[PDB]
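First up is the structure itself, then whatever we jot down about it.
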There are 2 protein chains.
Amino acid sequence: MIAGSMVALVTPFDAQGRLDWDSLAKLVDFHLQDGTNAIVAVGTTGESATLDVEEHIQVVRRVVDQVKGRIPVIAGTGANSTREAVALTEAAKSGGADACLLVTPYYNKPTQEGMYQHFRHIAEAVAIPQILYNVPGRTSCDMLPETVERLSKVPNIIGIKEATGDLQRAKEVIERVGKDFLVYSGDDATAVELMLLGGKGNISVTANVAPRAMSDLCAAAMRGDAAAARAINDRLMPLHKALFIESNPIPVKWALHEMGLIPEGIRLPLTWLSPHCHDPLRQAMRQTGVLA
Amino acid sequence: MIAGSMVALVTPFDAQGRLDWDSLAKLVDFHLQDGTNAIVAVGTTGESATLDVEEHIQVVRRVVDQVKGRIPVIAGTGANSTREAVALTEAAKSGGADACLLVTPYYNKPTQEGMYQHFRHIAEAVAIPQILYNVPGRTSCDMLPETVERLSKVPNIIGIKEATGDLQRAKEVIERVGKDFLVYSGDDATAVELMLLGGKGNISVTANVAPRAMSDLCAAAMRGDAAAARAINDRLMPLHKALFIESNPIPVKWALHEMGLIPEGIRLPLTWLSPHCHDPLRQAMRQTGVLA
């Protein structure tokens, strides 16, 4: 029920660092108008690591407030402390969010078993749908398909955001879980193929700068237009690459500022897109029709 | 001064989840007696991830207090946010810490330029020696040697904890940094050689169960008495591997509980040592003379 083009929404800051309510509103109208199937506020792209417990609910509120029930609002709520996690989920719930995206405990290095008991605890604790998040390249830990399987049998856990970008890991998670457990792509470049395999959506980053095209990609890939889907993806590959030319979301913000959607403001330890990367990404945005 | 065998202290929890101040006192006493040179309170081994902010200071203070200043107290205060990094550090400085160990930002994966800006700021906001801690095995982020040279030259940044376990790196670093900057070991397996190369200490995990042997080992090494340094390191090798038979600090906690020093107690997501790994570890503590 939550599927398709989903935006891992960035979170606007002004040159000084403060949040820009003016810009969030626009981003939301942009994706609203352009047809994104769901918004994911306060995720990795939303710079979830550098927001106040207070800044994180405020953000969810004013997004939920504006969507106004039209499409699903998903809140990033994962901590690597289980208690810090229930805290954030509780907050996102009491924010009006519709579901939560929870990333596996980072830095921490949990065992598969610890990962399991971590997630059930949270699913038990906060009555709100929850979507797992596997992304080893950032976590340094990894939720084996064997564990996702166990998890899928828990009440309010209804999906996973699989971000290895490994298409066999997908061909496996999908094969292990029921059809009512949804597997999402967390890697834009290969999100088209994962959907062709039985995937139901792409929590995307590209979608920040080209939301319409991403709906088109997701729709065709979900019907079965394998030739149509890959043709769209092929058309967007230069962009998927460019959006990750330096750690995310550094690239996608540069993009959005260039489209005049967000100010030039990104919190440390993240920096603004270094000068080298500007013309390879400005050209991509052009080569792919989001910039003139 | 800060050098030699430094224990990365575990922070004990009773069966229900609370902090056992008795046991923390016992551990301190234990290291204080068997020859430890310093204490890294509330670090990765200290299970910082799952600690409260209040719980954080409540210990660094308690240990300092109990140390009577006989030995330096290094507090972990690294966060993946520049802001709480500065906050946590302001705390350790108030609690009475003598210097801080800060991990390179985990999960958000900075730019090298970002790391530099990260640490530099923190160094100008809190007057207190700082020790850089590098560990891509956990942070999905590697602070190159260029970035290290660059930071070594910042006023109250006095060293680095190097975990890569790659000796060639901690040979390029010693080369690049001054005579006054201090390189410490992160990897317990390779610490000895890092010191033979010009290292100044080992921020040890094994030292938890075997502080006295580690003191010795560091002495031999920093004297250039490789002959002896290695003799000890071999009789500890069984230990060095066993204590990571499962993510730190899950194993070392268990061993500590086995010696009668700390209660069974570890916070979620971390779990208790899987039965699986009980014979393997227990045997090592025997091979090693910490248990008969």
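Chain labels run A, B, ... following the order of the structure tokens; each chain numbers its residues from 1, and ligands are numbered from 1 in the order shown.
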- Exercise answer, chain B residues close to chain A, 6 Å and only C-alpha atoms, as a ChimeraX atom specification: /B:49-50,81-82,107,110,114,118,138-140,268-271
Which neighbours of residue A:159 fall inside 10 Å, counting only C-alpha atoms, when residues of the same chain fewer than 2 positions from it are skipped, and could you give them as a PDB file with N, CA, C and O atoms, in the first residue's frame?
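What ended up in around.pdb:
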```
ATOM      1  N   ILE A   2       2.119   1.072   0.348  1.00  0.00           N
ATOM      2  CA  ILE A   2       3.054   2.147   0.216  1.00  0.00           C
ATOM      3  C   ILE A   2       3.999   1.545  -0.805  1.00  0.00           C
ATOM      4  O   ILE A   2       4.692   0.580  -0.514  1.00  0.00           O
ATOM      5  N   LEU A 101      10.829   4.250   8.906  1.00  0.00           N
ATOM      6  CA  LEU A 101      11.891   3.563   8.225  1.00  0.00           C
ATOM      7  C   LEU A 101      12.979   3.406   9.255  1.00  0.00           C
ATOM      8  O   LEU A 101      13.477   4.392   9.786  1.00  0.00           O
ATOM      9  N   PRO A 129       3.365   0.926  11.642  1.00  0.00           N
ATOM     10  CA  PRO A 129       4.041   0.119  10.639  1.00  0.00           C
ATOM     11  C   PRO A 129       5.486   0.505  10.578  1.00  0.00           C
ATOM     12  O   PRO A 129       5.818   1.675  10.735  1.00  0.00           O
ATOM     13  N   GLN A 130       6.343  -0.476  10.361  1.00  0.00           N
ATOM     14  CA  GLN A 130       7.769  -0.246  10.322  1.00  0.00           C
ATOM     15  C   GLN A 130       8.439  -0.949   9.157  1.00  0.00           C
ATOM     16  O   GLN A 130       8.155  -2.108   8.864  1.00  0.00           O
ATOM     17  N   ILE A 131       9.333  -0.225   8.489  1.00  0.00           N
ATOM     18  CA  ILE A 131      10.043  -0.708   7.314  1.00  0.00           C
ATOM     19  C   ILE A 131      11.541  -0.802   7.575  1.00  0.00           C
ATOM     20  O   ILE A 131      12.215   0.205   7.798  1.00  0.00           O
ATOM     21  N   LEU A 132      12.057  -2.018   7.553  1.00  0.00           N
ATOM     22  CA  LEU A 132      13.473  -2.235   7.794  1.00  0.00           C
ATOM     23  C   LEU A 132      14.344  -1.531   6.765  1.00  0.00           C
ATOM     24  O   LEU A 132      13.883  -1.122   5.688  1.00  0.00           O
ATOM     25  N   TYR A 133      15.627  -1.333   7.179  1.00  0.00           N
ATOM     26  CA  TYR A 133      16.583  -0.672   6.305  1.00  0.00           C
ATOM     27  C   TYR A 133      17.963  -1.295   6.375  1.00  0.00           C
ATOM     28  O   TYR A 133      18.646  -1.187   7.369  1.00  0.00           O
ATOM     29  N   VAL A 148      16.006 -11.226   7.824  1.00  0.00           N
ATOM     30  CA  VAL A 148      14.881 -10.473   7.326  1.00  0.00           C
ATOM     31  C   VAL A 148      13.696 -11.427   7.321  1.00  0.00           C
ATOM     32  O   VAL A 148      12.606 -11.048   7.685  1.00  0.00           O
ATOM     33  N   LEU A 151      12.166 -11.693  10.724  1.00  0.00           N
ATOM     34  CA  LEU A 151      11.478 -10.438  10.956  1.00  0.00           C
ATOM     35  C   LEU A 151      10.157 -10.262  10.249  1.00  0.00           C
ATOM     36  O   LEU A 151       9.222  -9.725  10.819  1.00  0.00           O
ATOM     37  N   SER A 152      10.065 -10.726   9.016  1.00  0.00           N
ATOM     38  CA  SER A 152       8.867 -10.527   8.238  1.00  0.00           C
ATOM     39  C   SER A 152       7.617 -11.116   8.870  1.00  0.00           C
ATOM     40  O   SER A 152       6.503 -10.759   8.508  1.00  0.00           O
ATOM     41  N   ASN A 156       3.679  -5.515  12.937  1.00  0.00           N
ATOM     42  CA  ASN A 156       3.809  -4.251  12.221  1.00  0.00           C
ATOM     43  C   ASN A 156       5.149  -3.938  11.577  1.00  0.00           C
ATOM     44  O   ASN A 156       5.654  -2.822  11.655  1.00  0.00           O
ATOM     45  N   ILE A 157       5.726  -4.926  10.930  1.00  0.00           N
ATOM     46  CA  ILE A 157       6.932  -4.724  10.188  1.00  0.00           C
ATOM     47  C   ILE A 157       6.436  -5.184   8.853  1.00  0.00           C
ATOM     48  O   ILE A 157       5.995  -6.326   8.702  1.00  0.00           O
ATOM     49  N   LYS A 161      13.909  -1.776   3.220  1.00  0.00           N
ATOM     50  CA  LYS A 161      14.563  -0.963   2.239  1.00  0.00           C
ATOM     51  C   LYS A 161      15.951  -1.599   2.034  1.00  0.00           C
ATOM     52  O   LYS A 161      16.869  -1.390   2.823  1.00  0.00           O
ATOM     53  N   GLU A 162      16.076  -2.407   0.983  1.00  0.00           N
ATOM     54  CA  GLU A 162      17.296  -3.156   0.731  1.00  0.00           C
ATOM     55  C   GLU A 162      18.243  -2.329  -0.095  1.00  0.00           C
ATOM     56  O   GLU A 162      17.987  -2.084  -1.275  1.00  0.00           O
ATOM     57  N   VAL A 177      10.321 -14.024   1.579  1.00  0.00           N
ATOM     58  CA  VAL A 177       9.196 -13.390   2.263  1.00  0.00           C
ATOM     59  C   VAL A 177       7.891 -13.416   1.491  1.00  0.00           C
ATOM     60  O   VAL A 177       7.885 -13.462   0.255  1.00  0.00           O
ATOM     61  N   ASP A 180       2.963 -10.030   0.965  1.00  0.00           N
ATOM     62  CA  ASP A 180       2.477  -8.889   1.725  1.00  0.00           C
ATOM     63  C   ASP A 180       3.617  -8.221   2.493  1.00  0.00           C
ATOM     64  O   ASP A 180       3.415  -7.239   3.204  1.00  0.00           O
ATOM     65  N   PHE A 181       4.821  -8.747   2.342  1.00  0.00           N
ATOM     66  CA  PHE A 181       5.986  -8.105   2.892  1.00  0.00           C
ATOM     67  C   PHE A 181       6.649  -7.507   1.678  1.00  0.00           C
ATOM     68  O   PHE A 181       7.012  -8.213   0.742  1.00  0.00           O
ATOM     69  N   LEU A 182       6.795  -6.196   1.691  1.00  0.00           N
ATOM     70  CA  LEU A 182       7.310  -5.468   0.543  1.00  0.00           C
ATOM     71  C   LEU A 182       8.772  -5.139   0.593  1.00  0.00           C
ATOM     72  O   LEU A 182       9.275  -4.627   1.583  1.00  0.00           O
ATOM     73  N   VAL A 183       9.440  -5.424  -0.507  1.00  0.00           N
ATOM     74  CA  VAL A 183      10.860  -5.152  -0.650  1.00  0.00           C
ATOM     75  C   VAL A 183      11.093  -3.894  -1.504  1.00  0.00           C
ATOM     76  O   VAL A 183      10.692  -3.829  -2.669  1.00  0.00           O
ATOM     77  N   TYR A 184      11.748  -2.904  -0.911  1.00  0.00           N
ATOM     78  CA  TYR A 184      12.010  -1.657  -1.588  1.00  0.00           C
ATOM     79  C   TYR A 184      13.466  -1.556  -2.011  1.00  0.00           C
ATOM     80  O   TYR A 184      14.325  -2.207  -1.420  1.00  0.00           O
ATOM     81  N   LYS A 200       8.586  -3.786  -4.919  1.00  0.00           N
ATOM     82  CA  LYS A 200       7.428  -2.919  -4.993  1.00  0.00           C
ATOM     83  C   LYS A 200       7.749  -1.482  -4.646  1.00  0.00           C
ATOM     84  O   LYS A 200       7.118  -0.921  -3.774  1.00  0.00           O
TER      85      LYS A 200
END
```
- Query: In stretch 56-218 of chain A, what's strand (DSSP E or B) per DSSP? Answer as a PyMOL selection string?
  - Reply: chain A and resi 73-76+99-103+130-134+157-162+182-185+201-204
Dump as a PDB file, in the first residue's frame, selection limited to C-alpha atoms:
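The resulting selection22.pdb:
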```
ATOM      1  CA  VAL A  73       4.578  10.096   5.038  1.00  0.00           C
ATOM      2  CA  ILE A  74       7.400   7.869   6.212  1.00  0.00           C
ATOM      3  CA  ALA A  75       9.700   8.977   8.988  1.00  0.00           C
ATOM      4  CA  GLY A  76      13.328   7.925   9.430  1.00  0.00           C
ATOM      5  CA  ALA A  99       5.080   4.457   9.044  1.00  0.00           C
ATOM      6  CA  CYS A 100       8.715   4.452  10.008  1.00  0.00           C
ATOM      7  CA  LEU A 101      11.891   3.563   8.225  1.00  0.00           C
ATOM      8  CA  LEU A 102      14.375   1.956  10.573  1.00  0.00           C
ATOM      9  CA  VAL A 103      18.025   1.458   9.663  1.00  0.00           C
ATOM     10  CA  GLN A 130       7.769  -0.246  10.322  1.00  0.00           C
ATOM     11  CA  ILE A 131      10.043  -0.708   7.314  1.00  0.00           C
ATOM     12  CA  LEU A 132      13.473  -2.235   7.794  1.00  0.00           C
ATOM     13  CA  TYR A 133      16.583  -0.672   6.305  1.00  0.00           C
ATOM     14  CA  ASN A 134      19.646  -2.688   5.160  1.00  0.00           C
ATOM     15  CA  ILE A 157       6.932  -4.724  10.188  1.00  0.00           C
ATOM     16  CA  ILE A 158       5.879  -4.569   6.606  1.00  0.00           C
ATOM     17  CA  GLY A 159       8.892  -4.211   4.398  1.00  0.00           C
ATOM     18  CA  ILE A 160      12.538  -3.617   3.940  1.00  0.00           C
ATOM     19  CA  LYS A 161      14.563  -0.963   2.239  1.00  0.00           C
ATOM     20  CA  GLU A 162      17.296  -3.156   0.731  1.00  0.00           C
ATOM     21  CA  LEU A 182       7.310  -5.468   0.543  1.00  0.00           C
ATOM     22  CA  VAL A 183      10.860  -5.152  -0.650  1.00  0.00           C
ATOM     23  CA  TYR A 184      12.010  -1.657  -1.588  1.00  0.00           C
ATOM     24  CA  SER A 185      15.118  -0.544  -3.461  1.00  0.00           C
ATOM     25  CA  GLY A 201       9.025   0.513  -5.024  1.00  0.00           C
ATOM     26  CA  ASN A 202      12.151   2.616  -4.730  1.00  0.00           C
ATOM     27  CA  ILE A 203      12.898   4.875  -1.785  1.00  0.00           C
ATOM     28  CA  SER A 204      14.860   7.069  -4.173  1.00  0.00           C
TER      29      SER A 204
END
```
- Item | Nearby residues (only C-alpha atoms) at most 10 Å from residue A:212, same-chain spacing under 4 positions excluded, as a list in words |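 Here the answer would be residues 5, 30, 31, 33, 34, 35, 36, 207, 208, 216 and 217 of chain A.
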- Message: If DSSP is run on the backbone, what residues of stretch 27-264 of chain B are helix (DSSP H, G or I)? A reply as an MDAnalysis selection string would be ideal.
- Response: chainID B and resid 27:34 48:50 53:67 82:95 112:125 136:139 145:152 172:176 191:196 206:208 211:223 226:234 237:242 250:258
Could you give me, as a PDB file with N, CA, C and O atoms, in the first residue's frame, the residues within 10 Å of residue A:70, counting only C-alpha atoms and dropping anything in the same chain fewer than 4 positions from it?
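What landed in out01.pdb:
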```pdb
ATOM      1  N   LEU A  32       4.442  16.586  -4.446  1.00  0.00           N
ATOM      2  CA  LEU A  32       3.005  16.417  -4.353  1.00  0.00           C
ATOM      3  C   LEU A  32       2.466  16.478  -5.778  1.00  0.00           C
ATOM      4  O   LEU A  32       1.987  15.491  -6.338  1.00  0.00           O
ATOM      5  N   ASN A  37       4.954   8.860  -4.801  1.00  0.00           N
ATOM      6  CA  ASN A  37       4.023   8.052  -4.050  1.00  0.00           C
ATOM      7  C   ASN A  37       4.104   8.110  -2.554  1.00  0.00           C
ATOM      8  O   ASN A  37       3.183   7.647  -1.882  1.00  0.00           O
ATOM      9  N   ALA A  38       5.185   8.672  -2.036  1.00  0.00           N
ATOM     10  CA  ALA A  38       5.370   8.781  -0.607  1.00  0.00           C
ATOM     11  C   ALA A  38       6.629   9.551  -0.342  1.00  0.00           C
ATOM     12  O   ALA A  38       7.566   9.526  -1.134  1.00  0.00           O
ATOM     13  N   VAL A  64       3.893  16.195   7.523  1.00  0.00           N
ATOM     14  CA  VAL A  64       2.613  15.551   7.715  1.00  0.00           C
ATOM     15  C   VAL A  64       1.502  16.600   7.606  1.00  0.00           C
ATOM     16  O   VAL A  64       0.483  16.363   6.961  1.00  0.00           O
ATOM     17  N   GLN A  66       1.374  19.356   5.989  1.00  0.00           N
ATOM     18  CA  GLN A  66       1.172  19.758   4.614  1.00  0.00           C
ATOM     19  C   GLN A  66       0.695  18.667   3.669  1.00  0.00           C
ATOM     20  O   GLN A  66      -0.124  18.936   2.810  1.00  0.00           O
TER      21      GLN A  66
END
```
- Task: With a distance cut-off of 12 Å and only C-alpha atoms, select the neighbouring residues of residue B:55, excluding the residue or stretch itself and same-chain residues fewer than 4 positions from it, and output the selection as an NGL selection string.
- Result: :B and (11-13 or 18-21 or 41-42 or 46-51 or 59-62 or 88 or 91-92 or 95)
Kindly export the residues of the current selection with C-alpha atoms, as a compact mmCIF listing (two decimals), in the first residue's frame.
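Generated output (result_1.txt):
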```
# COMPACT_ATOMS: atom_id res chain seq x y z
CA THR B 11 30.77 -0.21 31.52
CA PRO B 12 28.81 -2.87 33.54
CA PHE B 13 25.07 -3.30 33.69
CA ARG B 18 21.02 -0.32 35.08
CA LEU B 19 24.54 0.73 35.88
CA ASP B 20 26.41 -1.18 38.50
CA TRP B 21 28.55 1.40 40.30
CA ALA B 41 35.98 5.29 29.90
CA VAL B 42 32.75 5.27 27.89
CA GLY B 46 32.39 1.17 27.05
CA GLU B 47 29.23 0.65 25.05
CA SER B 48 28.72 4.38 24.62
CA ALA B 49 26.10 3.91 21.86
CA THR B 50 23.46 2.77 24.30
CA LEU B 51 24.28 5.24 27.03
CA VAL B 59 30.73 7.64 35.00
CA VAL B 60 33.56 9.60 33.59
CA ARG B 61 33.21 11.49 36.80
CA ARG B 62 33.00 8.40 38.99
CA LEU B 88 29.81 15.39 24.76
CA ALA B 91 30.88 17.24 29.35
CA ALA B 92 34.02 15.05 29.67
CA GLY B 95 33.54 15.61 34.56
```
- Here atom CA of residue A:252 and atom CA of residue A:211 stand apart by 12.8 Å
- Item | Shell around stretch 226-237 of chain A at 12 Å using only C-alpha atoms, local window under 5 positions removed, as a ChimeraX atom specification | /A:187-197,206-207,209-221,242-244,281,284-290
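Among the candidates B:173, B:205, B:143, B:9, the residue lying nearest to residue B:26 is B:9 (atoms considered: only C-alpha atoms).
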- Message: Report, in Å with one decimal, the straight-line distance from atom CA of residue B:15 to atom CA of residue B:256.
- Response: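 Separation of atom CA of residue B:15 and atom CA of residue B:256: 14.6 Å.
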- Coordinates-based distance that separates atom CA of residue B:170 from atom CA of residue B:223 (Å, one decimal): 18.1 Å
